[PDB]
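Just so you know, full-length UniProt numbering puts the end of the sequence shown at 1108, numbered straight through with nothing missing.
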Amino acid sequence: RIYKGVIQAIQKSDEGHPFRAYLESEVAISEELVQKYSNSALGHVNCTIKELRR
């Protein structure tokens, strides 16, 4: 129930996002990137990307 990332959330396209708002997303990805480690469970693969976050 993401809720935040619902279907209507697509409306964001209508809001014609600026640009910097997306950049900040880097903080979100950073959180996920670390979560990607889960993929590393399969020996290792996504963990390699984690290196980016350092």
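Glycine residues also receive a C-beta, built at the ideal position from the N, C-alpha and C atoms.
Where residue 1107 is concerned, the enclosing alpha helix (DSSP H) starts and stops at 1101-1107.
Counted as a single uninterrupted DSSP element, the alpha helix (DSSP H) harbouring residue 1086 occupies residues 1079-1090. If you check the CB distance, residue 1087 and residue 1066 do not come in under 8 Å.
Cβ neighbours of residue 1072 within its own chain (closer than 6 Å, five residues either side excluded): none. In the structure shown, residue 1066 adopts helical secondary structure according to DSSP, grouped into three states.
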